[PDB]
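See below for the structure under consideration.
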Amino acid sequence: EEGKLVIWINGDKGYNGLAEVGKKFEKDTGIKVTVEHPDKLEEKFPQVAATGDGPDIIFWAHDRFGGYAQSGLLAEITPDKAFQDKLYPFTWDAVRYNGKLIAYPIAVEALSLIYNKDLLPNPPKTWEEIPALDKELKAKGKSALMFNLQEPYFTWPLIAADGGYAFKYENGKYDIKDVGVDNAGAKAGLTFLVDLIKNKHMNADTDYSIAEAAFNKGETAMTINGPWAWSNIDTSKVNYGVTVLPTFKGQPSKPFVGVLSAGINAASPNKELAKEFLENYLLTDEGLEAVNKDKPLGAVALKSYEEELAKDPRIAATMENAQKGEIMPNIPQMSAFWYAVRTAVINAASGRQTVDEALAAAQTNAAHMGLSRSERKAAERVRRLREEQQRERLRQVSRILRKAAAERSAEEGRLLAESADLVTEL
Ligand SMILES: OC[C@H]1O[C@H](O[C@H]2[C@H](O)[C@@H](O)[C@@H](O)O[C@@H]2CO)[C@H](O)[C@@H](O)[C@@H]1O
């Protein structure tokens, strides 16, 4: 729809703060800005944009955008050299796919260890001391650590610690065959998590809501989350600190670093308006500040604003974890990778499969990626659309046939002519 910007951003982000930026944009242009946070938007967009529908701007971590770009769902972004200098070169790299920029980087996201200072004035430096720490806190009706076990994003830093990896980058290229979800290190990490559940230090059904409510109500001492969660803890009675993730087997947790990015829809008739909004309103000190005050973005891509946020120990902790982790690849295979790990973690945690069986299944799934789940139903969506045409065509032939020939139009008479065999049966 023309003369209008529709924006999709995840529900855990500051969509209200982003909406305020849109109203300032609307104040200056008269162009309404609608900000929405539909669930599973990173799955909807590749489907709805396949038929030229969806939002003008989509917000997500950069790791999904290579799939969109490969599918040709993204418009060209054209920041000049001057604008690119405003942002970190490595954040541009995160949104660079096959030498081509496919999205605007907004903020750098990395998981951190969040802890209750009143419950735990000095948080554990290692994963290893958490079991004994939980037993101690159970005696006081508390628990040590609760975090989202339904999303592999939260468990991957432990998995990758002793040698787990997704895609390696050598000779200026990813080896998409070389996936390391089933090795010694991945097994050691996932086994430890599973053992935590077997020894009743955690529960496999723990998701985002449960862990959040538990920590913010002072029921658990620690949690693992991103900057976006800080706002909800502020409103609670918990005195919390943000610190480096615990090490595993002497080695640091390696969280997948995500760069929140804003892509422009290829079907959007407002590509210039979207550029103006992103470059001159959002990606400014004032624009990012508005979003950040709602839900913390973390380490923003804009250098000028990040220089002020950098003094925040929470941000410093976020970057400390980011530096010990790897940037997420943006290649299309990332979607299939995450699906394999999610299934493996959930199946192993719930006890349905063992660690080795679950990770073997993940590795085999990694050997069998093609095409992406998103690619499959979007392609199906096209086929369902063309199917609609055949029925609609069938509807008009029978409709025209009910009309008197002397009252039929030129088109109706012409369309009826090239369906002689169908008309005769009708
Ligand atoms: O768990 C798989 C999932 O990991 C990442 O998603 C994160 C996202 O980056 C964060 O911003 C957070 O707020 O939401 C997700 C954690 O549940 C990948 O970006 C995503 O593509 C992937 O499916």
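Residue numbers (the entry's author numbering): -368 to 0, 5 to 61.
C-beta atoms are modelled at their ideal positions from N, C-alpha and C, and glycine is treated no differently.
N-terminal and C-terminal residue of the alpha helix (DSSP H) that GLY(-303) is part of: -304 to -299
Under 8 Å: do the stretch -265 to -254 and the stretch -133 to -126 share three or more Cβ pairs, one atom per stretch? yes
For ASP(-235), name the three-state secondary structure that DSSP assigns. helix
Residue environment, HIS(-307), which counts as buried when at least 16 other CB atoms sit within 10 Å: buried
In terms of alpha-carbon separation, which member of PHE(-32), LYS(-346), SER(-133) and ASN(-137) lies closest to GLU(-218)? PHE(-32)
Is the distance from the Cβ of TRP(-141) to the Cβ of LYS(-356) below 7 Å? yes
In the DSSP assignment, what residue or residues form a beta bridge with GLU(-260)? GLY(-111)
For ligand 1, is there a heavy atom less than 6 Å away from the beta-carbon of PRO(-323)? no
Could you check if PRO(-217) belongs to the surroundings of ligand 1, using beta carbon to heavy atom distance under 6 Å? yes
Provide the residue span of the alpha helix (DSSP H) that contains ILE(-311), from first to last. Premise fails: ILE(-311) lies in the beta strand (DSSP E), -312 to -308, not in any alpha helix (DSSP H).
For the putative contact between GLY(-71) and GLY(-143), defined by C-beta atoms under 8 Å, what is the C-beta separation to the nearest angstrom? 7 Å
Does DSSP put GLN(-285) in a helix, a strand or coil? helix
In the structure shown, what three-state DSSP assignment does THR(-318) receive? helix
For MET(-50), name the three-state secondary structure that DSSP assigns. helix
Does the stretch -268 to -261 touch the stretch -118 to -107, meaning 3 or more C-beta pairs lie closer than 8 Å? yes
C-beta contact flag for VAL(-348) and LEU(-87) at 7 Å: yes
Is there contact here, the stretch -215 to -198 with the stretch -283 to -274, by at least three beta-carbon pairs under 8 Å? no
Spatially closest choice to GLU(-368) from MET(-41), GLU(-90), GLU53 and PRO(-100), by CA coordinates: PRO(-100)
Ligand 1 and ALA(-308): does the residue's C-beta get closer than 6 Å to at least one heavy atom of that ligand? yes
Could you spell out where the beta strand (DSSP E) holding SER(-226) opens and where it closes? -226 to -224
Rounded C-beta distance between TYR(-272) and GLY(-303)? I'm assuming under 8 Å. 5 Å
Can you name, in chain order, every residue of its own chain whose Cβ lies under 6 Å from the Cβ of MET0, other than the five neighbours on each side? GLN(-36) and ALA(-33)
Taking the alpha-carbon of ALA(-262) as reference, which of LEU(-67), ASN(-4) and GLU(-90) has the nearest alpha-carbon? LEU(-67)
Measuring CA to CA, which of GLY(-82), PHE(-222), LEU(-91) and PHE(-92) is closest to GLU(-150)? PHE(-222)
Exposed or buried, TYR(-64), counting other C-beta atoms within 10 Å across all chains shown (16 or more means buried)? buried
Answer yes or no: do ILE35 and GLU46 have a C-beta to C-beta separation smaller than 7 Å? no
Coarse secondary structure for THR(-126), derived from DSSP in three states: strand
Comparing alpha-carbon positions, which option in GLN(-322), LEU(-364) and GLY(-317) lies nearest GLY(-339)? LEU(-364)
Backbone CA spacing between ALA(-148) and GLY(-228) [nearest angstrom]: 11 Å
To the nearest angstrom, report how far apart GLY(-366) and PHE(-92) are at their CA atoms. 13 Å
If we ignore side chains and look at the alpha-carbon of each, how far apart do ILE(-311) and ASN(-198) end up? 32 Å
So, for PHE(-121): in the same chain, excluding its five sequence neighbours on each side, which residues have a beta-carbon less than 8 Å away from its beta-carbon? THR(-243), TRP(-242), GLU(-241), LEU(-211), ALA(-208), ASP(-207), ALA(-181), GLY(-180) and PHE(-177)
Could you tell me whether any non-hydrogen atom of ligand 1 is closer than 6 Å to the CB of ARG(-305)? yes
For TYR(-354), does the count of other Cβ atoms within 10 angstroms reach 16, so buried, or fall short, so exposed? buried
What's the gap between the Cα of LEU(-224) and the Cα of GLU10? 37 Å
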